Amino acid sequence: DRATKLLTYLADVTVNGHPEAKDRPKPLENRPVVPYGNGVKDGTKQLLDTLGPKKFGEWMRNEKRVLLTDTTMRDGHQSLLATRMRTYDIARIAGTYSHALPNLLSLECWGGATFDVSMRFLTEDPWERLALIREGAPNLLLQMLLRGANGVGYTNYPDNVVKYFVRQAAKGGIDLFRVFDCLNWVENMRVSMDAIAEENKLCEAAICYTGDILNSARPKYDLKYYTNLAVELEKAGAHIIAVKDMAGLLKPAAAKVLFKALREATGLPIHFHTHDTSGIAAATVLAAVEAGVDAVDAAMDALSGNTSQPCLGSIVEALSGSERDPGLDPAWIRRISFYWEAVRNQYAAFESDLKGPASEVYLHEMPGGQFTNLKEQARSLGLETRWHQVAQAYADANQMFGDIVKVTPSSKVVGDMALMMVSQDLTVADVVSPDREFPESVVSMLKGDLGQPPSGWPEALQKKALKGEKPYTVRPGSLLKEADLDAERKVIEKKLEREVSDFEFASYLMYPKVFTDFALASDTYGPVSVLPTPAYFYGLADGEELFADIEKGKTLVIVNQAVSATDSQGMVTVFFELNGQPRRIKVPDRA
Amino acid sequence: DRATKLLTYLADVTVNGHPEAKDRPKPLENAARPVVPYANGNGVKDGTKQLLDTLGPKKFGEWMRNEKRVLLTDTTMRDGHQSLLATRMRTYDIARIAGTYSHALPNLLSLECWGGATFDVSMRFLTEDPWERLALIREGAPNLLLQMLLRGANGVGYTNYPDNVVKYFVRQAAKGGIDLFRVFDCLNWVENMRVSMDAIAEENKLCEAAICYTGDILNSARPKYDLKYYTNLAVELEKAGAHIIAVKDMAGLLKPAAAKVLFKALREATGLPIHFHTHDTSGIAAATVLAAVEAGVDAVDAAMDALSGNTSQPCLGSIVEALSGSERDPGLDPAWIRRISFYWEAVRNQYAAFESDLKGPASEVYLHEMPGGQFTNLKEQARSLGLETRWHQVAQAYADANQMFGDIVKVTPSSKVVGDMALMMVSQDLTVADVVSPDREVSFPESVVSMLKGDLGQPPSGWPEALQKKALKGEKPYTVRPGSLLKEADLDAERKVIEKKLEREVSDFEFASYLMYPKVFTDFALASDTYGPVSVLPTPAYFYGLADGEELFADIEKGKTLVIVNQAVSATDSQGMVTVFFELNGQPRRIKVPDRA
Amino acid sequence: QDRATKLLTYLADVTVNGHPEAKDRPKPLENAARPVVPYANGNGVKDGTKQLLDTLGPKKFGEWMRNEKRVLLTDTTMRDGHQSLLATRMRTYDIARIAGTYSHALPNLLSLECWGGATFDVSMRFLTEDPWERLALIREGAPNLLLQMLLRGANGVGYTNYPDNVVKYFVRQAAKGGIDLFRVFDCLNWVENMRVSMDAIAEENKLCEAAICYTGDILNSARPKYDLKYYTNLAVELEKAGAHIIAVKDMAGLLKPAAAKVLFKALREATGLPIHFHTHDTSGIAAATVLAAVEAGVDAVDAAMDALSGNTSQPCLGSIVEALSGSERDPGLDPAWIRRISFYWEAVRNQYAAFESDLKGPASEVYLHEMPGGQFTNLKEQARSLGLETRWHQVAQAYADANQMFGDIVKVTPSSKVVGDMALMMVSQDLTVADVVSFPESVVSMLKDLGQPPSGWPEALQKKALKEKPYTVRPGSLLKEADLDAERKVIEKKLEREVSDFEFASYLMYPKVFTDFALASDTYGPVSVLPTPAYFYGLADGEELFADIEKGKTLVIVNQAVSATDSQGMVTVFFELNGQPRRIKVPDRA
Ligand SMILES: [Cl-]
Ligand SMILES: [Cl-]
Ligand SMILES: [Cl-]
Ligand SMILES: [Mg+2]
Ligand SMILES: [Mg+2]
Ligand SMILES: [Mg+2]
Ligand SMILES: [Zn+2]
Ligand SMILES: [Zn+2]
Ligand SMILES: [Zn+2]
């Protein structure tokens, strides 16, 4: 039966294809090998257990060597592969990171688009993924990107929902929460941060970077602005401060100034996250290090560059022998990279067509993790040939909103506006016109659903968009009614005809429909996450042999022997051998 | 009749495909043609070319040194597509953009646009004349230095040439429009650079003598290439007459911390200006470039965004953006840089057949040290031999081979030797120990034997004795400069040879071509006779011909524009011929070509 | 069973690779109804000619045919019919199934021609089935009708002449196997070469029907060699030799209506014996000669069921009967049952699309070449083989030219192949009868081993051909009598078991062909039990088949899936046999 359920998924996929793969490129027909005895060395995880989050923050500050966060298991594939990287490929390498690179600060491996996408697109539980990484790497900190008032979603939630979620995340194994607000609005962060401290985990409050601190003609976003935000987040009870350069806009000179000034403004350690879209982010990371930054993010070489993080192996190599040398073995970095390379090939279906660095990022400000996405939508809305006008629209739409931080979800809101401008052939001057008579997302933002910029929203655009609906300027969750968690849990148990887990109730609070659809498919198809990635996406070619582990003990030998023509009722029969026993699995012909 | 030959080319490719493109990915069927950007319309401003002519090469070098701003060289027209598109970039696309560079970016130091692999690949794979290319660039950008890579003892070839031949080619190159010669020897052997350096100066042109970078000056476990190895060479090259010293970091090995130290030291060891070339394979070469700039380097190379990154140069627009407003701000408009880059992106889309499968940065570069321009090629060569799933063993054997040869500068042509050694080691399952084993017969590759014999010159500490003795199978090696053993070419006699083969007089340029590439040039000349001036065709037509019904505009001369329509194509006849039915300017033309399937 | 296993192996081997005889030929309409055996009226079978022959014996039975007023009928559908139209590929499955229906619906029939000729050879070599088994099955289906074979005389059932004791031995077996009526012919109308066979048929107490092969034209004075006296002498001659019945074997369909009125008056006046007439309808007028024969008082005639009649076959049974219906010689055969059986043969025919010729209809050309109905199409594909399709009418002129060269001879198996081989070559090399007078194996072998023509062979032609002394003695006398006890041990040592008497007869006739068949029997089992589509095309994907492995055991075989070709060359067919999953590996021969 465990086996039966899987065999049926392997029949369906073999006969019909995966919807996400069926007409995108296929992988080069001509497998990843986990690298090849000791126990594991205590690391940052044992240290955090010893010191607690406050003192641990202090230990980072005092530490001479730069500390490294590896973003491969989250941001890396979120930016390069539409976030389609699977638990199977992520879980299998954790033990290797654990044994081979025990000096790492943390693995960024959760939150961001992974929660959503893992269920909705990859038919797998994100809590299962977290647990398996926890078991693989008991000596490293596990880091998530947490979207402040948004959790792992796009709408701002009731306070208790946010509270509940952070509680279960901590229980699932998150040690380090990188929390951010899409308008750098500290008031909208106080709920999540307090929730993190109350779990006794690391609250790394982030400041999103935009504009250019060294351009006097763009004064909205200068030095003071960042340094004051820092001082505000310390008072707010942060253990660490992050600079989140979501679009890779921080230039090297700017880093040199920024990180001096930040460390003078606060005693807290500083953590720097950036993207390589410009093709010089590594210069900025090195600059940051030279100015004394406490911790930096990079991605394994094979999933680095462009819209991802800059190259981990190269940055480490740049520092090796220096006062701030991180002490990571370059030969082990390569071995793990060669693995991710072999992993990456399996996702040929999800490669963008981005060929290299673009200094154009300084014009549009699209976040690394939005870039490809917004090119896909433009191709979808038929605008492929006009893509550069869309970049111009983004920036123009950005000025219109009064020059704002564009990170999730405010970035979609700008995206949505820019596409409408190019489509409906509209200028900003038309957009503002009091007479030239808006995406749901835009109206949402302009009322006050995602908070307030420093500016305040431009009054003329606002009164035009809202047309009737008076705006609110209070903090969103201070209007949302406190979800009846008791009463909202029943609804998902009479819809699934069973008790769920606290973790499951969490997935549901965040994504009612996506979790629902996931639970049904899961009762149909079984533990599909244990299937290797080429089997998950393409089934089993004829005569072929597959090993899957359904639990701790049992390994299954699954062989596709044969696949019949289609019968009278529209069915197709796949003939299997499961551990030497003959199996026939009928699967409906969806052609 | 030049129309007839062009139609014959179009028919052949229409019916049979182009051998270089037939079995590779095709461009998107949509495909916006590249649009030359509209320019404001103000004149061309005097730039570095006028200054060179005024000052002569020596004082101009001085001018570079004294300039506070950092000087940029754009590599897009040469190293850019050598590294990323197998050098297949065509004259049509290269020359169409020169005027834009000229009007828009007048402050550039030079366009690197000639030499390296372009000389050979233009004739061999593109059926076009590298001198014609240079002439069109010269005419479009009369205010900028035109720059070439010149291989010192190998000219634009791969083998050693007689002195008089190296001297002759350099004279033609100067005449053809080259202003700035980056000249390098693959073993950093100054003795072997002297003839070239002297020839460049005798032409009153810029001699930018290069030091190749390898290893790590900051790693005291690798002392052979320490700081003083570079500063000694810079002093030696100056004595030898350089106007400019280049650091040629062919594999992108130089790290930022090392650049801080190297460029400060160089500019103290010599008064000449310094020019820094690197490659972005590591994914951090821009950090090294900005650090070089911080440290006072005079010029740096970059490639236009759309042809930069990975094995190419680091991104030009972003480098420029990061200097914007600094003390050494290079004075280049990034709007215009982005416009020229957008053109290059459309141009590059046409070359889908030649894209590699490289995904991004690789710190593995610090291990293998493969030059950026070799990487993709070597990997194709490995695939060729069934070694695709063992690429990383090839990269490891390449490192091991480097050490076995005594740890050497790896760049054309010495890099190809190490590559040959590596491929053989992986195929035949041989460790370095096996390679030098007394009990193991090993047929060494020809490039390896030749190198240990002396043909490529002398590394600073000689060739490892036991390896050499084993590889040479009794042949006696030499330590003189390989050119001093070559017979002076009988220039008069040889010119007569090619003139009798082609039954016509050739120009001096054509003759230099022949001197460097006798077979490839002859072949090219025979193709020109049959097909006419195919370089005037747009790139899709050149690689794919015309689809059924398709209308193409083409300029056979500056005078007229031919309108060509593919009206119909016949079945293969009993002669094995296919008839293409063209309209040329409303008139019917039936062209017959062979069915080559 | 392992017999079941063997059938699956075959079914898999044909499903994956096709039948070699069918794979590159036309395929039955994808529509196609299963032929349906008609439910015949009642319970028992009316005694018929079989019971009469049991009671009376052969001589007296001959007298009874003579005396009978009604015309008697032989149905040739089971033998000559598909030999002429379908290259003798008709299967036992289809033949056996209909026997009982004949037995109930047409008890008045004289005989079923159903054995002999090319069937013996072709059933084994091309159909992978036992001709004796086939005979037994018809015997069981029709215990009231006579069963008739064609016997090539001294050639027996092969193409060469055999030892006397082999001919004797084979005929003994044919009797024990169920044949009641033997039609014996010599390919040169040579009675001395017939004497052994007839004696042997008499000795086994079955009907000796001694045939006289018709050729030329008794009514054309310009061709006197085969005049009326020629035949009437041969009729009187064979009566001395002990015929129970005299046949006129018109192998080429050359006898014309006016010639029939004369020939049959004269014959019945020459001999007391009944006369049986066999013809072929290549002219498109043979029915006319049949009806002329009846009116002149012939005792028995041959016809083929409507659906396998006309052209190179026999003339139409149903139409001949309908024409005699109500006349004083009315054969007493239900026209509606003939049509029911015809509808059946029509559905059976459609299954053999692979073997249809492109013969369009009647050809008066037959009077020029004289090619036997059974040869015509054969020799035309053969001419095709050698790129002569375009010069086919020249190949016909060549055959008639060749015939005159040999001296205007009786052309029929195996003398006909001999003229065939000659004319083919003659065209290939562009050679006149003047040129001819380096040969094919069989042209020199006849001039030496087929027997003697009434005048002898042409002098110069025999000399320039044989290049070695010729003989005139009966071939069966110069062939030392085969050691029968020795020869048996040989086929039994090779086949690692003793064979039955019938099987030793097969081996004696066709040593190589029987040997290969036995081996195939051991490998594929009783394939003859499969229905015809299955035997030639296997089972479609998901097709359900019902097959009778034996008596009252039906197997339910379903082909459920067919795997890709595996690394070690094999292919795996996934059967369900009687609800039980089964896996059969066969090699991809392609
Ligand atoms: Cl949902
Ligand atoms: Cl050459
Ligand atoms: Cl035989
Ligand atoms: Mg620190
Ligand atoms: Mg300077
Ligand atoms: Mg009668
Ligand atoms: Zn990010
Ligand atoms: Zn280079
Ligand atoms: Zn017949």
# chains A, B, ... in the order shown; residues from 1 in each chain; ligands from 1
$ residues_near_ligand --ligand "ligand 1" --cutoff "8 Å" --atoms "only C-alpha atoms and all ligand atoms" --output "PDB file with C-alpha atoms, in the first residue's frame"
ATOM      1  CA  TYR A 508      -3.280  25.816   6.648  1.00  0.00           C
ATOM      2  CA  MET A 510      -0.916  30.453   5.746  1.00  0.00           C
ATOM      3  CA  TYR A 511      -2.301  28.697   2.697  1.00  0.00           C
ATOM      4  CA  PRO A 512      -5.813  27.322   3.154  1.00  0.00           C
ATOM      5  CA  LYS A 513      -6.293  26.166  -0.473  1.00  0.00           C
ATOM      6  CA  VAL A 514      -2.689  25.121  -1.166  1.00  0.00           C
ATOM      7  CA  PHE A 515      -2.498  22.995   1.973  1.00  0.00           C
ATOM      8  CA  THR A 516      -5.921  21.420   1.239  1.00  0.00           C
TER       9      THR A 516
END
$ residues_near_ligand --ligand "ligand 7" --cutoff "8 Å" --atoms "only C-alpha atoms and all ligand atoms" --output "JSON, numbers by chain"
{"A": [75, 79, 244, 245, 246, 247, 273, 274, 275, 308, 309, 367, 368, 369]}
$ interface_residues --of "chain B" --to "chain A" --cutoff "6 Å" --atoms "only C-alpha atoms" --output "number ranges by chain"
B: 255, 282, 284, 286-287, 305, 309, 317-318, 322, 360-363
$ write_last_selection --atoms "N, CA and C atoms" --output "PDB file, in the first residue's frame"
ATOM      1  N   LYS B 255      43.576  37.600  -7.458  1.00  0.00           N
ATOM      2  CA  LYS B 255      42.516  37.948  -6.429  1.00  0.00           C
ATOM      3  C   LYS B 255      42.644  39.381  -6.006  1.00  0.00           C
ATOM      4  N   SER B 282      36.014  32.936 -12.187  1.00  0.00           N
ATOM      5  CA  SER B 282      35.806  32.823 -10.739  1.00  0.00           C
ATOM      6  C   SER B 282      34.499  33.498 -10.300  1.00  0.00           C
ATOM      7  N   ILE B 284      34.368  36.693  -9.507  1.00  0.00           N
ATOM      8  CA  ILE B 284      34.728  37.865  -8.710  1.00  0.00           C
ATOM      9  C   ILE B 284      35.739  38.813  -9.384  1.00  0.00           C
ATOM     10  N   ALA B 286      35.480  41.291 -11.168  1.00  0.00           N
ATOM     11  CA  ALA B 286      35.182  42.697 -11.029  1.00  0.00           C
ATOM     12  C   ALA B 286      35.737  43.238  -9.720  1.00  0.00           C
ATOM     13  N   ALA B 287      35.829  42.402  -8.685  1.00  0.00           N
ATOM     14  CA  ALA B 287      36.345  42.896  -7.417  1.00  0.00           C
ATOM     15  C   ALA B 287      37.834  43.208  -7.586  1.00  0.00           C
ATOM     16  N   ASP B 305      28.042  44.505 -21.060  1.00  0.00           N
ATOM     17  CA  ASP B 305      27.277  43.623 -20.165  1.00  0.00           C
ATOM     18  C   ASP B 305      26.870  42.288 -20.859  1.00  0.00           C
ATOM     19  N   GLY B 309      30.938  38.318 -18.001  1.00  0.00           N
ATOM     20  CA  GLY B 309      30.701  37.280 -17.015  1.00  0.00           C
ATOM     21  C   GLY B 309      31.402  35.976 -17.391  1.00  0.00           C
ATOM     22  N   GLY B 317      29.454  47.846 -17.867  1.00  0.00           N
ATOM     23  CA  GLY B 317      28.510  48.785 -17.303  1.00  0.00           C
ATOM     24  C   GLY B 317      28.553  48.866 -15.780  1.00  0.00           C
ATOM     25  N   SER B 318      28.608  47.704 -15.104  1.00  0.00           N
ATOM     26  CA  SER B 318      28.633  47.661 -13.641  1.00  0.00           C
ATOM     27  C   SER B 318      29.964  48.159 -13.089  1.00  0.00           C
ATOM     28  N   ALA B 322      30.191  51.488 -10.671  1.00  0.00           N
ATOM     29  CA  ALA B 322      30.825  51.468  -9.354  1.00  0.00           C
ATOM     30  C   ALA B 322      31.913  52.544  -9.232  1.00  0.00           C
ATOM     31  N   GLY B 360      27.668  29.338 -14.684  1.00  0.00           N
ATOM     32  CA  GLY B 360      28.060  30.508 -13.885  1.00  0.00           C
ATOM     33  C   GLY B 360      29.450  30.393 -13.288  1.00  0.00           C
ATOM     34  N   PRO B 361      29.746  31.195 -12.243  1.00  0.00           N
ATOM     35  CA  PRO B 361      31.136  31.289 -11.689  1.00  0.00           C
ATOM     36  C   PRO B 361      31.647  29.927 -11.254  1.00  0.00           C
ATOM     37  N   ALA B 362      32.954  29.718 -11.173  1.00  0.00           N
ATOM     38  CA  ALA B 362      33.478  28.429 -10.688  1.00  0.00           C
ATOM     39  C   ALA B 362      34.803  28.658  -9.980  1.00  0.00           C
ATOM     40  N   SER B 363      34.839  28.420  -8.667  1.00  0.00           N
ATOM     41  CA  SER B 363      36.097  28.588  -7.951  1.00  0.00           C
ATOM     42  C   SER B 363      37.045  27.441  -8.306  1.00  0.00           C
TER      43      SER B 363
END
$ residues_around --residues "stretch 407-409 of chain B" --least-positions-apart "4" --cutoff "12 Å" --atoms "only C-alpha atoms" --output "VMD selection string"
chain B and resid 184 to 189 211 to 215 222 to 225 248 to 251 253 368 to 371 398 to 403 413 to 418 451 456 to 464
$ residues_around --residues "residue A:408" --least-positions-apart "6" --cutoff "9 Å" --atoms "only C-alpha atoms" --output "list in words"
residues 147, 154, 181, 182, 367 and 370 of chain A
$ residues_near_ligand --ligand "ligand 3" --cutoff "6 Å" --atoms "only C-alpha atoms and all ligand atoms" --output "VMD selection string"
chain C and resid 510 to 513
$ residues_around --residues "residue C:313" --least-positions-apart "4" --cutoff "8 Å" --atoms "only C-alpha atoms" --output "list in words"
residues 80, 81, 82, 84, 85, 280, 281, 282, 304, 308, 309, 373 and 374 of chain C
$ write_last_selection --atoms "N, CA, C and O atoms" --output "mmCIF file, in the first residue's frame"
data_model
loop_
_atom_site.group_PDB
_atom_site.id
_atom_site.type_symbol
_atom_site.label_atom_id
_atom_site.label_comp_id
_atom_site.auth_asym_id
_atom_site.auth_seq_id
_atom_site.Cartn_x
_atom_site.Cartn_y
_atom_site.Cartn_z
ATOM 1 N N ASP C 80 -7.691 -27.889 -54.756
ATOM 2 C CA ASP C 80 -7.309 -27.186 -55.996
ATOM 3 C C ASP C 80 -7.656 -25.701 -55.947
ATOM 4 O O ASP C 80 -6.851 -24.864 -56.385
ATOM 5 N N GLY C 81 -8.829 -25.394 -55.374
ATOM 6 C CA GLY C 81 -9.344 -24.030 -55.201
ATOM 7 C C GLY C 81 -8.349 -23.046 -54.588
ATOM 8 O O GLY C 81 -8.031 -22.015 -55.180
ATOM 9 N N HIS C 82 -7.837 -23.348 -53.401
ATOM 10 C CA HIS C 82 -6.890 -22.435 -52.794
ATOM 11 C C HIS C 82 -5.443 -22.651 -53.282
ATOM 12 O O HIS C 82 -4.582 -21.762 -53.132
ATOM 13 N N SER C 84 -4.866 -22.894 -56.477
ATOM 14 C CA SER C 84 -4.842 -21.995 -57.620
ATOM 15 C C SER C 84 -4.941 -20.539 -57.232
ATOM 16 O O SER C 84 -4.245 -19.717 -57.795
ATOM 17 N N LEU C 85 -5.741 -20.204 -56.234
ATOM 18 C CA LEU C 85 -5.967 -18.791 -55.945
ATOM 19 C C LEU C 85 -5.162 -18.171 -54.804
ATOM 20 O O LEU C 85 -4.995 -16.955 -54.763
ATOM 21 N N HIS C 280 -10.031 -26.255 -65.267
ATOM 22 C CA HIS C 280 -9.708 -24.981 -64.687
ATOM 23 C C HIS C 280 -10.347 -23.892 -65.561
ATOM 24 O O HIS C 280 -10.496 -24.090 -66.739
ATOM 25 N N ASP C 281 -10.711 -22.751 -64.983
ATOM 26 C CA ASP C 281 -11.555 -21.738 -65.630
ATOM 27 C C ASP C 281 -10.793 -20.501 -66.161
ATOM 28 O O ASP C 281 -11.374 -19.416 -66.315
ATOM 29 N N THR C 282 -9.503 -20.667 -66.459
ATOM 30 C CA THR C 282 -8.635 -19.576 -66.952
ATOM 31 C C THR C 282 -9.167 -18.877 -68.213
ATOM 32 O O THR C 282 -8.994 -17.637 -68.391
ATOM 33 N N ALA C 304 -15.383 -25.697 -57.810
ATOM 34 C CA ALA C 304 -15.042 -25.013 -56.559
ATOM 35 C C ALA C 304 -16.161 -24.066 -56.051
ATOM 36 O O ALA C 304 -16.817 -23.378 -56.847
ATOM 37 N N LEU C 308 -14.268 -19.259 -54.112
ATOM 38 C CA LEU C 308 -12.909 -19.671 -54.542
ATOM 39 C C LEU C 308 -12.926 -20.297 -55.944
ATOM 40 O O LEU C 308 -12.170 -21.247 -56.220
ATOM 41 N N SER C 309 -13.766 -19.723 -56.822
ATOM 42 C CA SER C 309 -14.014 -20.224 -58.165
ATOM 43 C C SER C 309 -13.666 -19.222 -59.261
ATOM 44 O O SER C 309 -13.547 -18.039 -59.016
ATOM 45 N N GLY C 373 -3.446 -24.049 -64.684
ATOM 46 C CA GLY C 373 -4.119 -23.176 -63.717
ATOM 47 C C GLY C 373 -3.340 -23.012 -62.423
ATOM 48 O O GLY C 373 -3.167 -21.885 -61.945
ATOM 49 N N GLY C 374 -2.860 -24.135 -61.875
ATOM 50 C CA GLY C 374 -2.027 -24.152 -60.666
ATOM 51 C C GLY C 374 -0.653 -23.500 -60.810
ATOM 52 O O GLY C 374 -0.106 -22.952 -59.841
#
$ residues_near_ligand --ligand "ligand 2" --cutoff "8 Å" --atoms "only C-alpha atoms and all ligand atoms" --output "PDB file with C-alpha atoms, in the first residue's frame"
ATOM      1  CA  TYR B 514      49.118  33.304 -46.426  1.00  0.00           C
ATOM      2  CA  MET B 516      50.490  32.888 -41.155  1.00  0.00           C
ATOM      3  CA  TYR B 517      47.910  30.405 -42.502  1.00  0.00           C
ATOM      4  CA  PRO B 518      48.907  28.928 -45.906  1.00  0.00           C
ATOM      5  CA  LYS B 519      46.164  26.280 -46.115  1.00  0.00           C
ATOM      6  CA  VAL B 520      43.379  28.228 -44.411  1.00  0.00           C
ATOM      7  CA  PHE B 521      44.062  31.312 -46.566  1.00  0.00           C
TER       8      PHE B 521
END
$ atom_distance --atom1 "atom CA of residue A:71" --atom2 "atom CA of residue A:509"
26.6 Å
$ residues_around --residues "stretch 70-74 of chain B" --least-positions-apart "4" --cutoff "8 Å" --atoms "only C-alpha atoms" --output "number ranges by chain"
B: 64, 108-112, 293, 297-304, 316, 328-330
$ atom_distance --atom1 "atom CA of residue A:175" --atom2 "atom CA of residue A:153"
20.2 Å
$ residues_around --residues "residue C:535" --least-positions-apart "2" --cutoff "10 Å" --atoms "only C-alpha atoms" --output "list in words"
residues 10, 11, 14, 15, 18, 19, 91, 127, 128, 527, 528, 529, 530, 531, 532, 533, 537, 538 and 539 of chain C
$ write_last_selection --atoms "N, CA and C atoms" --output "short mmCIF file (atom, residue, chain, number, x, y, z; two decimals), in the first residue's frame"
data_model
loop_
_atom_site.label_atom_id
_atom_site.label_comp_id
_atom_site.auth_asym_id
_atom_site.auth_seq_id
_atom_site.Cartn_x
_atom_site.Cartn_y
_atom_site.Cartn_z
N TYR C 10 5.13 -18.91 -29.54
CA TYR C 10 4.78 -18.61 -30.92
C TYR C 10 4.03 -17.29 -31.07
N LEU C 11 2.94 -17.15 -30.32
CA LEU C 11 2.12 -15.95 -30.36
C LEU C 11 2.95 -14.69 -30.09
N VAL C 14 5.37 -14.16 -33.22
CA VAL C 14 4.69 -13.55 -34.36
C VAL C 14 4.17 -12.14 -34.04
N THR C 15 3.77 -11.89 -32.79
CA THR C 15 3.32 -10.54 -32.41
C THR C 15 4.44 -9.52 -32.55
N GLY C 18 6.18 -10.61 -36.64
CA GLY C 18 5.36 -10.97 -37.79
C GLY C 18 5.67 -12.35 -38.37
N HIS C 19 4.81 -12.84 -39.25
CA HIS C 19 5.07 -14.08 -39.97
C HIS C 19 5.89 -13.72 -41.21
N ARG C 91 -5.53 -22.84 -44.28
CA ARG C 91 -5.18 -23.59 -43.09
C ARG C 91 -6.18 -24.68 -42.66
N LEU C 127 2.99 -23.51 -43.50
CA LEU C 127 1.93 -23.34 -42.49
C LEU C 127 2.22 -23.90 -41.09
N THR C 128 3.33 -24.62 -40.96
CA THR C 128 3.73 -25.20 -39.68
C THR C 128 2.61 -26.10 -39.11
N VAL C 527 0.56 -25.18 -33.12
CA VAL C 527 0.13 -23.90 -33.68
C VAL C 527 -1.08 -23.98 -34.60
N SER C 528 -1.24 -25.12 -35.26
CA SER C 528 -2.40 -25.33 -36.15
C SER C 528 -3.75 -25.08 -35.48
N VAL C 529 -3.81 -25.07 -34.16
CA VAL C 529 -5.10 -24.85 -33.50
C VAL C 529 -5.49 -23.38 -33.41
N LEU C 530 -4.55 -22.47 -33.66
CA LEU C 530 -4.85 -21.04 -33.60
C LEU C 530 -5.73 -20.61 -34.78
N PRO C 531 -6.60 -19.61 -34.56
CA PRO C 531 -7.32 -19.03 -35.70
C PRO C 531 -6.37 -18.23 -36.57
N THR C 532 -6.69 -18.15 -37.86
CA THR C 532 -5.77 -17.68 -38.89
C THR C 532 -5.15 -16.27 -38.68
N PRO C 533 -5.97 -15.25 -38.36
CA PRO C 533 -5.35 -13.94 -38.04
C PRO C 533 -4.24 -14.06 -37.01
N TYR C 537 -0.54 -12.85 -37.70
CA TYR C 537 -0.33 -11.47 -37.21
C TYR C 537 -0.26 -11.32 -35.68
N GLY C 538 -0.35 -12.45 -34.98
CA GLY C 538 -0.31 -12.45 -33.53
C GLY C 538 -1.53 -11.80 -32.92
N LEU C 539 -1.37 -11.22 -31.74
CA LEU C 539 -2.49 -10.57 -31.10
C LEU C 539 -2.22 -9.09 -31.00
#
$ interface_residues --of "chain C" --to "chain A" --cutoff "9 Å" --atoms "only C-alpha atoms" --output "PyMOL selection string"
chain C and resi 541-542+560-567+572-574+581
$ closest_residue --among "C:482, C:307, C:321, C:202" --to "residue C:346" --atoms "only C-alpha atoms"
C:307
